[PDB]
Amino acid sequence: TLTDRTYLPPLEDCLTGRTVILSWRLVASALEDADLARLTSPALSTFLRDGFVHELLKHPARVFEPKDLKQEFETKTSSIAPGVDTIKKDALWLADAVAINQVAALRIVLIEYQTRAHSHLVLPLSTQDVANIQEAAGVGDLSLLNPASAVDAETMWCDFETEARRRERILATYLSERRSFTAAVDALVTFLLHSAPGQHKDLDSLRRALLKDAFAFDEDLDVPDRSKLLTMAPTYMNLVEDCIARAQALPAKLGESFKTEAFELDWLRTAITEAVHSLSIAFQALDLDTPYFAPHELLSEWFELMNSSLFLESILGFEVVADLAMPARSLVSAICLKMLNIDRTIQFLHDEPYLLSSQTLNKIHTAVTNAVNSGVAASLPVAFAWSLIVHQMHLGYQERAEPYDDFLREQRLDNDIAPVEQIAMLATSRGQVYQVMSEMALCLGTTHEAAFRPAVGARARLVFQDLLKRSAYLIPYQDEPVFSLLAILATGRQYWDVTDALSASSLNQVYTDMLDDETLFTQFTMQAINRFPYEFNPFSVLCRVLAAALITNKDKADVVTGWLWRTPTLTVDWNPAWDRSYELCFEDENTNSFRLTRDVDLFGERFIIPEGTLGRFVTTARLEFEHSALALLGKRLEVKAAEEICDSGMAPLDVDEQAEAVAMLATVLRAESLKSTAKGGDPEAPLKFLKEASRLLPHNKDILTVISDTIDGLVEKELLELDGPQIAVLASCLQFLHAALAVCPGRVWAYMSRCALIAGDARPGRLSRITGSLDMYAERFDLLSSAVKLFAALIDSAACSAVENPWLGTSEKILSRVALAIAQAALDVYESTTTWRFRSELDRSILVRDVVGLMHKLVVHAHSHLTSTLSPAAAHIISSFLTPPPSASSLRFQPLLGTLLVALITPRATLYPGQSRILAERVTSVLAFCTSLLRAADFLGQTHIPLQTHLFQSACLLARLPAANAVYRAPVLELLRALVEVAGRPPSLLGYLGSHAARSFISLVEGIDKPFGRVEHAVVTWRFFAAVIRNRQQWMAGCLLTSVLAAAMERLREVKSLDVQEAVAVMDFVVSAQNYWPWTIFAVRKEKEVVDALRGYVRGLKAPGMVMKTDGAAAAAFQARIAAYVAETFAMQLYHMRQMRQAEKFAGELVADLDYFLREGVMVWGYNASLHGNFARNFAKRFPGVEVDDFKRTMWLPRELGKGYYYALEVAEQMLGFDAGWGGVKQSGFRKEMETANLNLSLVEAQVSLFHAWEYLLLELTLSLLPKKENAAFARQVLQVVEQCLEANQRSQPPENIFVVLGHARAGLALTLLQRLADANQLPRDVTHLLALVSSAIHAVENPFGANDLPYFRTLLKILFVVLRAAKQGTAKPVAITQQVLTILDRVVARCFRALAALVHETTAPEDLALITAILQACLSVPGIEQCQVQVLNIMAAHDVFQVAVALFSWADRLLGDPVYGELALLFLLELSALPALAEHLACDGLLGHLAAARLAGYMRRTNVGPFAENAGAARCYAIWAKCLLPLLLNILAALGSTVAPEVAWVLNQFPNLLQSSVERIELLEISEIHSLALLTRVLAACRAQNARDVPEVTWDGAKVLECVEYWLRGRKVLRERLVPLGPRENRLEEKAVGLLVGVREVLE
Amino acid sequence: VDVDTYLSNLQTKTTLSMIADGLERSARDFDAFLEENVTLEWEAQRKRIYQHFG
C-alpha cells in the first residue's frame, strides 16, 4: 500500500502541465529554506506524509538503483496527447545509458520537459538581448559582459529543440536530482532534529507527524524510539562508498559524445555533493546520541573505507572541486572524531565500546597511520585524537604489567612510545592541526561564509571542542590552541552577527559547555580571565562572543556582567616605576609571590590598587584583587584617545587591542540592550553598562564621548592615509555608535550632526572623498559596511520616532540635515560601488544590499505631519534617480544591471545558504527599489524617466531571473507590473525580450505557483496580468492568450472551494481581459458559458444581507468586491447580447439572481460612522501632537484592499509601537480598532465600486426588457430602483470626499430608468408615495441652484418633472394626491422662479428656467387640479409671480439681438393662463398693455420677422410673438371674451405687418399661427355685432386663407415640400399638420 | 459566422463604456419626451378651447 501515485503524478497530468511533479529540487529548496507556506502546502505536505516517500528516503539507493521494472514502465506510458513517443524514447535511453530503473528515468525526463522553459530562459542571452543590455549599460564607464560569439536567438532555439541538447538537459536534470534528493534528506533531518522553538503550529504538526510515521519517533512518549533514526548513518555511509566509486568511473553504456569535459566535471561534482549531504545526514544521526558509543563493526567498515579512500582525498585532488573539498574534508574529519568521542573513550578505559575489539583498533590505527604518512592536512585532527587515545591506552596497560592488549602487541607499541609521540608532535608542530581546525570551524560556523548550515556547524564544532578539552592539560597554555578555540567559538563573526534569535537549545551547547563542564572552564575560560588585560585577545573575544550567545539564556545572562563588574584576578606587565611599591614574601622560591607596599596609581576618583595586595611574578605580574575591569578598560580607552601618556601607569592600548576593546564594548552593549527590551529583562541594563564604563572618568564625559573624540581625532586626517588598524578602530567605533543608538539616540544624533565623516556645508566630507578606484579589502570594507549599516539604523530610528529622556539635545533641523547628508553619502557609496575592487562578490553583495535598503526606506517614507523630519533626504534620492542627466542616469543604473547579471549568472548551489540568502536579498531589494521609484515617478507626475527605458531594455534579464530561482518570481512581476503601469499613461516588450524569450517567459509564468498553490504568488501574477491588459500592452497580451484562458476558467469552476483573496484577483483579471479585449474572450466565454454562468449564479445569489452577523464578518470586503466584479462581468456581456439581439431569454434567466444587489446594492447603508468617530476621539485625546488624518495614504502605491487600506497600518505598527498599551493585552487596544475601522472603510470603498458596477448592470438589462411580455419583472425593477433611491438619497451621512459622484449618479439612474418605462407606458397611476418624498428631498438642499450643488439641483428638478408627468397619466378619481401635488408644486415653482429672476437680473440659468416652466405646465395638466383652480390662483397671487414675470421679460432693450428671457417669461405666463382663472387674472392685470409698451413688441413690429429668418433675432421674434400672444389671446378670451375683445383687437391691429406677411407666404409652425389667427378673427367678428366702439375694424384679410389652405389640401407630394420641423419628425408629421389644416378650414367657410 | 461579422464591425475604442453613450442617448430621449408631452398637452388644451366655442 506504498505506491508512487503521490510521488509522481500520472503521465497525462505531467505532460499537459495540469499537475507539476514535486521534483527533489523544489523539495530540497523548501526544506533548506524551511518555508512555511511551501512545506505546509497541500501538495508538498501530502508528498512528505507519503509512506512511499518515507521508504525511499530511508533507503536512498532505491531512488536510482537499477531494477527490472518493464511492466510498470509500459503500463504508465501506454494509453495516455501526442508527444509520448519522444518521452518514452528518452526515458528508455536514459535507463539504459545510466543503468537505473525505468520509472526514475521517466520522471527525470518529465521534469526536463516541464522545465524546458526554465532551461531555455537560463541559457546565455542572444544577440538582440546582448545589444539591449549594452544600450541599457551605456558608453560611459567595467561591465564584464559575455562574449559576442553568441548566435541569434532563432539558431539557439533551433539547436535547443534538437535531440543532443535535450539529452544533455536530461542528464543535467538527473544529476541535479541526485544532488537535490541528498540535500533534501539532509534538510529534513536537521528540520526534524534541531528546528528552532516557536515554530508555526501547522509546521510543528507536520514535523511531529513525519517523526512518528517515518521513524516511530512519537514525542508523546517520555523516551521516544530512535532506532529508525539511527539506522540512517550506515545506509548513507554505504551510499558514500558507492558515490566515491562512481566519481572514479563514468557510465559505461553512455556514448563518448555525451562524455564531454563539462559533463565529466558535472558528474564528479554531483558525486562529491551527494557524498557531502549523505555525510551530513550521517553526522546528524550520530550526533543525536551524544553520550553513548557506536557499534564497533560500523567503525571497522567506516575506517576501512577511509583507509581505501584516504578520507575522501582520492576524489578531492582536482582544483575545481576545492569549494566542495574544504566542506567535505571538514565533515569527514569531524564525523571520524565524533565516532571516536575521545571524552568517553579515555573516561572508560580508566573507569560495547570499540576498545574491546582489537580488529576495529587495528583498522583505525592503519587508517590513521596511512593518512599521516601520506601527508594531507585534513587528517591531522583525527590523528591527534587517536594519538592521545593510544597514549592513555599505553599508560593503562603499563600499569597492568606489574582485548586492546592484543592490538597494542600486534602493533608493537607495548614498550615504546615514540611511534605515537611522533604523530602527536607532527600534528601539533607549527600549529598545523590547530590551523586546520580553525579552518574547519570557519566553514562549520555561524558566519555567512560557512559551507554548512549553522546547526550542523555547531555540532561539528562540538567534536573539536571535546578534542581541545581533553588535550588542554597535557599541553601548556599556548597561542596556537587558544586561538584555535577562539576561532571555533567566534567563527570569524562581527558585531552585525549579533541577534536575539531563539535557536534549538541543543545548538547553544558549544557555547554553554564553556561554563558547564569543569575542564574547559578551568583551563581556558578562567585562564583568559586571569591573563587579561596582559593578553587582551583571549578575554576580549570570549566576552564578545558569550554576550551574544547568552542573549536568550536566562541562567547565564549574568556571567559576562559579573566578570566585567567583578573580576577576581588581574594581570599586567611590570613597569620599572613600581619597583619601590612591593616586597617579596619569602615563602617559596619558585612561587615568587610578593605583596604591594604602596598605592599603585595606574595612569599616573582614579584607578588605584590599594596597598598590601598580593601578587606573583610568573615570568609580567598577576594580582588577585576584586575589581571592575569594565571601568578599567573605559579609562584605558579614554587615555589612548586623549593621547595622554602616563610614565607611572600601565602600558597603553595598542591599535589592535584598541579596536578589539571598542568592538567588545559595542557587542556587549548591543546584547545588554537586546535582552533588556526582552520580556522581563531589566530595562536599564544598557544604561548601567554605559555608566559603569563611564565610571572613574572625567565627571561629565562618558564612554560615548570617548568614542566620539576617538572618531574625531582619527578622522582629522583623510581616510586613505589612515592605516588598517585605525580603519578597524573606526569601524568598531561605528559599531558602538550603532549599539548606543537604541538606548540613547539623542547623543548619537547630536554627535552625527557635526561628524566629519558625513558631508556638511562646512567641509565636503571625508567619507565622500575616499571614493575612487581603491580596493575594498577587509580592512576598509569592514569600515564601509559598518558605516552603511549605521546609516540605515539611523534612518530607521528617525522614521520610528513618533515624538531621563531618549531624545535629548536634538531637534527637527538636526534630524533633517543629518538625514540629507546621510543620503548624500549613501548615494556616493552606491555610485562608487561600480569601479571598486572588492575582496569578493559577496562583500559587494552585502554592501549593495545595505545601501539599497537604506535608500528604499527613504523612498518608502517619502511616500504628513512628521514627514518633513526626513523629507529632504528622500527628495534628494528620488530626484537623483528619476530625473538625472544622461551620464548620471547610466552610472546610477549600472549597479542594478550588474546585480541582475550576477543574479542569473551565478550557479545554483545546495551549500553555503548564507551567500545565496544575501544574494537573493540584494536582488529583491533592487527589484523593490526600482518598483518604488517607478511608483513615485508615476505619482508625482514626471513623465520622461530614464529608468523606464533602462528597465525595458534590461527586461532580457528580468524575464530570465525567475528561471534562475523561484524566489525572484514575485518581486520581478511586481516590478514589471509597475514598469508597464507607469508607461501605460506605447513601448514595445518583445522587441526587447524576443519571440523565443517572451514565449518561454510566458510558459514559465503560466500555471501560477502550481506546485505549492500559494496565495500571495497567485495574487501577484494575476494582478500582473490584469495591469498588463490595463496598460495597453496589446501585443504580449494577444500572444499570451493563446491555455491561460482555460486555466482561469478552471480556477473559477470551484470558487467556493478556493479562497476569496485568490478569487478577487483572478476575476479582476477576467474583467480586464473582457473589457479591453472583448471579441477574443466572448468566443471562449460561449465555450465555457454553461459552467461559468452556473458558478456566477451561485456566488451572486449567496446574498448575505448581514455580512457582519455571519461568520465571515471581517471577510465582507472581499465578498462585496467579488460581487461587484461579477456584476461588471455579466453586465457588458448582456449589453453585447442586446447588440446581438439574442438577449430576450438570457436576460429573463439572469434576472433571477439579483436579490443581493436589490437588498443593499445601490444603497451604501452600511458605513457605521460612529465607530470611525470614536476612533478619532480616542486617537485625538490620547495624542495632541498627531491627528487621525495624518495617516491617510497618498495613493503612492496602487491602493490595495486588505488588512490595511485607508490607514497605513504598515507604518503605524512601527511608529505608534514606541508607546505602551497600543498593542494591549489579549488583542485588545487601538491596533485592533484601526484594523476594524480600515476594514469597514475597505468594504465601504468596495460598496461604492458596486454602486458603479450596478449602475452599469441594471441599464442594459432594463433595455433588454422592453418587449411587452414579462411585465412583472420590469415592474419589480422600477420599484426596486425607486426604493433604493428613496432610502439612499436621505440620511446618507457619508464622508464628503468621494460622495460627490454618488449624489449625481443616483439621480441620473433614477431619471433614466423612469423615463425608459415612461416610454414603455406601463407605469402605475399611484406614484404619490415617492412624489412626497422627492419633494422632501428637493426641500432638503440648503441653497437652490448653488454653485457647488447646481448639477444636483438640476437633476433633482428633472426627476420631479418626469415623476409629475407619470403622475398625471392616471385616473385617481373616476391622504389624497391632489393636495400633495398642489402644495409641492406651489412651493417649488414660486421659490425657484423668484430666486432665479433675482440672480439673473444682472447659460445654466435660462435652461433651468425653461425646465421650471415645463414643470409648471406638467403639474397644471394633472386631472385633479381643474377643480381647485381657485387655490392655484390664490397661491399664485400670494407670491407676485405675475409682476416679476412681466418685469423681466423686458430685461434689456435698445430703442429705435434676440429675446430669449422674454420668450421664456411669456411661455411661463401662457402656461399659467392655460386654464381660464389665471387667464382672467392676467387679463385683469393689463398684461397686454405691459407687453405692448415694452420694446420686444417694437422688435416684433419690424418687417424682418420671419419663421426661418436670416437672423436669430427675427426667428426668435417670430416664435415668441406667435407663442406668447396668439394662444394667450384665445386663453384670455375664453373668460369674459366680450369684455376683453377690445384689447385683443387693439393688440392685433397694432401690428399688421405680421398679419399680412404670414397670409402672404401661406399663399412649419405657421400652420398653428394662421389657425389661431383665423379662430380669433372669426370669433371677434361675431362679438363685434353688439358694440361698434369695440373692435372698430377687424383688419384681417382672411379671404385668401380659404383658397391657400385648399391648394395644399389634396397634394400628398406637394405637402412635403416646405415642411421642416424643429423637433424630430419621428409615423409622419404630415399626420398632424394636415389635421390642423382640416381643423382650420371648416370654421371660416 | 456571427463572430467574424462583429469583428468586421469592431470599433477600435474602449468597449467597456459603450453604454455611457446609451445613457446620454437616454438623456436626449428624456428631452424628447419633455418636448412631446408639453407640446401635445397644451395643443390638446387649445383643441378643447377650439371645440368649446365651435
# chains A, B, ... in the order shown; residues from 1 in each chain; ligands from 1
>>> residues_around(residues="residue 22 in chain B", least_positions_apart="5", cutoff="12 Å", atoms="only C-alpha atoms", output="count of residues only")
13
>>> residues_around(residues="residue 540 in chain A", least_positions_apart="2", cutoff="9 Å", atoms="only C-alpha atoms", output="PDB file with C-alpha atoms, in the first residue's frame")
ATOM      1  CA  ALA A 528      41.832  34.084  29.853  1.00  0.00           C
ATOM      2  CA  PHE A 532      43.505  39.908  30.995  1.00  0.00           C
ATOM      3  CA  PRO A 533      44.461  42.653  30.254  1.00  0.00           C
ATOM      4  CA  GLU A 535      46.544  39.129  26.941  1.00  0.00           C
ATOM      5  CA  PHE A 536      43.623  41.158  25.603  1.00  0.00           C
ATOM      6  CA  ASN A 537      42.604  38.849  22.752  1.00  0.00           C
ATOM      7  CA  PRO A 538      41.819  35.742  24.886  1.00  0.00           C
ATOM      8  CA  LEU A 542      35.410  35.327  24.875  1.00  0.00           C
ATOM      9  CA  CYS A 543      33.247  38.087  26.330  1.00  0.00           C
ATOM     10  CA  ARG A 544      32.336  39.392  22.870  1.00  0.00           C
ATOM     11  CA  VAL A 545      31.021  36.012  21.737  1.00  0.00           C
ATOM     12  CA  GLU A 657      43.851  45.992  21.354  1.00  0.00           C
ATOM     13  CA  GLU A 660      39.156  44.793  19.853  1.00  0.00           C
ATOM     14  CA  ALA A 661      38.153  46.688  23.001  1.00  0.00           C
ATOM     15  CA  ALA A 663      34.300  46.022  19.299  1.00  0.00           C
ATOM     16  CA  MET A 664      33.722  44.113  22.532  1.00  0.00           C
TER      17      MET A 664
END
>>> closest_atom_pairs(of="chain A", to="chain B", cutoff="10 Å", atoms="only C-alpha atoms", output="CSV")
residue,atom,partner,partner_atom,distance
A:1071,CA,B:16,CA,9.8
A:1072,CA,B:16,CA,9.7
A:1074,CA,B:16,CA,8.5
A:1075,CA,B:16,CA,5.0
A:1076,CA,B:14,CA,6.3
A:1077,CA,B:15,CA,8.1
A:1078,CA,B:15,CA,7.4
A:1079,CA,B:7,CA,6.9
A:1080,CA,B:3,CA,9.4
A:1082,CA,B:3,CA,8.8
A:1083,CA,B:3,CA,7.5
A:1128,CA,B:16,CA,9.4
A:1131,CA,B:16,CA,9.7
A:1132,CA,B:16,CA,6.9
A:1133,CA,B:16,CA,9.9
A:1135,CA,B:19,CA,7.8
A:1136,CA,B:18,CA,9.5
A:1140,CA,B:6,CA,9.0
A:1256,CA,B:19,CA,7.7
A:1257,CA,B:19,CA,10.0
A:1259,CA,B:19,CA,8.3
A:1260,CA,B:19,CA,7.8
A:1308,CA,B:27,CA,8.9
A:1309,CA,B:23,CA,8.9
A:1311,CA,B:30,CA,8.4
A:1312,CA,B:26,CA,6.3
A:1313,CA,B:26,CA,8.8
A:1314,CA,B:30,CA,9.5
A:1315,CA,B:30,CA,6.2
A:1316,CA,B:26,CA,7.6
A:1318,CA,B:33,CA,8.7
A:1319,CA,B:33,CA,8.1
A:1358,CA,B:30,CA,9.1
A:1361,CA,B:34,CA,8.7
A:1362,CA,B:34,CA,8.1
A:1365,CA,B:37,CA,8.1
A:1411,CA,B:34,CA,9.3
A:1414,CA,B:38,CA,7.0
A:1415,CA,B:38,CA,9.3
A:1417,CA,B:38,CA,7.2
A:1418,CA,B:38,CA,6.9
A:1421,CA,B:41,CA,7.3
A:1470,CA,B:42,CA,9.7
A:1471,CA,B:42,CA,8.0
A:1474,CA,B:42,CA,7.4
A:1475,CA,B:45,CA,8.7
A:1527,CA,B:46,CA,7.5
A:1530,CA,B:49,CA,8.1
A:1531,CA,B:49,CA,7.9
A:1534,CA,B:49,CA,7.5
A:1568,CA,B:43,CA,9.6
A:1572,CA,B:46,CA,9.2
A:1575,CA,B:50,CA,7.9
A:1579,CA,B:53,CA,8.3
A:1623,CA,B:35,CA,7.9
A:1624,CA,B:32,CA,8.2
A:1636,CA,B:47,CA,9.6
A:1639,CA,B:47,CA,9.1
A:1640,CA,B:50,CA,9.8
A:1643,CA,B:54,CA,7.8
>>> atom_distance(atom1="CA of residue 377 in chain A", atom2="CA of residue 313 in chain A")
10.5 Å
>>> select_by_dssp(residues="chain B", states="helix (DSSP H, G or I)", output="JSON, numbers by chain")
{"B": [2, 3, 4, 5, 6, 7, 8, 18, 19, 20, 21, 22, 23, 24, 25, 26, 27, 28, 29, 30, 31, 32, 33, 34, 35, 36, 37, 38, 39, 40, 41, 42, 43, 44, 45, 46, 47, 48, 49, 50, 51, 52, 53]}
>>> atom_distance(atom1="CA of residue 605 in chain A", atom2="CA of residue 697 in chain A")
7.9 Å
>>> atom_distance(atom1="CA of residue 920 in chain A", atom2="CA of residue 849 in chain A")
9.5 Å
>>> residues_around(residues="range 679-685 of chain A", least_positions_apart="3", cutoff="10 Å", atoms="only C-alpha atoms", output="ChimeraX atom specification")
/A:554,557,561,669,671-676,688-691,743
